[PDB]
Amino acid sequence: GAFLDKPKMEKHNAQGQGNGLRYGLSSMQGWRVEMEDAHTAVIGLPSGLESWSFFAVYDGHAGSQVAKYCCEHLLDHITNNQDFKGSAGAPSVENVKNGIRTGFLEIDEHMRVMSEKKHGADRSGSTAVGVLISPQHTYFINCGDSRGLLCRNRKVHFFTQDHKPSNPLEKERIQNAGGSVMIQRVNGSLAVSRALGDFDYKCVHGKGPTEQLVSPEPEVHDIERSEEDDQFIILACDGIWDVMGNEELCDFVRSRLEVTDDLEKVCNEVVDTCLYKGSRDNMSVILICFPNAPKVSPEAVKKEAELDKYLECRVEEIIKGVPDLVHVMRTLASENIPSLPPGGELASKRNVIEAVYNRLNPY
């Protein structure tokens, strides 16, 4: 358990386009000593799933080994089993849902034998959250306390339910496998009830793979796609959700998209806003936009430039000792400034305020 002295605020990004989609992503180490988040983003899938896409965020714990194996290999474990393939034609919803379950259980066991065989020292685990997108369905996948959501028609249409040890059915499984839930933790240690890896928590005799202290079983939800109404999907680790809620972030992302179509930038902005809202964890966001995502608006761009200029003049005037940035931020908050981004608040404007502060007080 250690934090860095100062956060590693450096961004790792990707982006792409195809199958009517556009995506951006951003990942940042932040205040933590290691980076244990991993991701997947592929448009167009092997073996005849050209018109399919896959996006996933993995939040690694006690190492990045499991998360990194998952990020390169969960997809083929899901599509390359007989449950997914199943029926001779195009996979049915059940084939897809079963294929994913099997993919999760098989990669877990696969990693377990690799660890046993090679005498592996790490005792890592990882959450997974993602979407498999077909031409007519969005299949949400969740295992752990990473979270995904769908914005349809300017609202949160669906979000994944985090697997927390104290959730009634999780708690039950844990207690049946000989453990307990202490406050929010499996036996007072583990803050998640579902994950890949964590093999010390999967050693209960007389219980199946999905009946252990920690379960690798995913939750899958089929959502019929809507060309008219579907706007965007957000996937992120708990380093994001710990400080922003579903409605807030969805409102925030909308506001950003009305100013840029640069999706990596929107994602940088989310991650930075979350660092400034007090998040001290690793942060990873993926943003998948559909054709009817919010568009850039001439007024929105202007309003934002007006706000930027306004905050610059406020910083200049506040500086007139010389107040430090913490004190400038404090003064600005107490002003109750109108028209700040929804959900992002003053935190979402810190880079603009600090750039100004740095121009006036560079030493």
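Definition used throughout: the rigid core is the maximal C-alpha set that superposes within 1.5 Å between two forms. Quick note: we count residues from 1 along the sequence shown, nothing fancier.
Colleague: Any chance you could tell me whether 259 to 267 or 87 to 95 drifts more in 6 other deposited structures of this protein, judged by RMS CA distance from this form after superposing on the core?
Modeller: Larger mean C-alpha displacement, comparing 87 to 95 and 259 to 267 in 6 other deposited structures of this protein, is found in 87 to 95.
Colleague: Using what the record says, work out whether there is a hole in the model between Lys320 and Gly321 and how many deposited residues it spans (none, 1 to 3, 4 to 9, 10 or more).
Modeller: In the record, 4 to 9 residues between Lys320 and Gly321 lack coordinates.
Colleague: Where do the C-alpha atoms have the higher mean temperature factor in this entry, in 338 to 346 or in 5 to 13?
Modeller: Stretch with the higher mean C-alpha B-factor: 5 to 13.
Colleague: Between 257 to 265 and 85 to 93, point out the one with the higher average CA B-factor as the PDB entry records it.
Modeller: Between 257 to 265 and 85 to 93, it is 85 to 93.
Colleague: Of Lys118, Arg101, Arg280, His163, which one's C-alpha B factor is largest in the deposited record?
Modeller: Highest C-alpha B-factor among the listed residues goes to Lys118.
Colleague: Have a look at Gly239, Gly245, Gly130, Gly206 and flag the one whose Cα has the highest B-factor in the entry.
Modeller: The listed residue with the largest C-alpha B-factor is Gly206.
Colleague: State the tercile, meaning the lowest, middle or highest third, of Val57 with respect to the CA B-factors recorded for its chain.
Modeller: According to the entry, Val57 has a C-alpha B-factor in the chain's lowest third.
Colleague: Give the position of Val271 by CA B-factor within its chain, expressed as the lowest, middle or highest third.
Modeller: Lowest third.
Colleague: Could you look up the Cα B-factor of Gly125 in the entry and say which third of the chain it sits in: lowest, middle or highest?
Modeller: Its C-alpha B-factor, which the entry lists for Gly125, ranks in the lowest third among residues of this chain.
Colleague: Could you place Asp324 in the lowest, middle or highest third of its chain by Cα temperature factor, using the values in the record?
Modeller: Top third by C-alpha B-factor.
Colleague: Please place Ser26 in the lowest, middle or highest third of its chain by C-alpha B factor as given in the entry.
Modeller: For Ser26, the deposited C-alpha B-factor lands in the lowest third.
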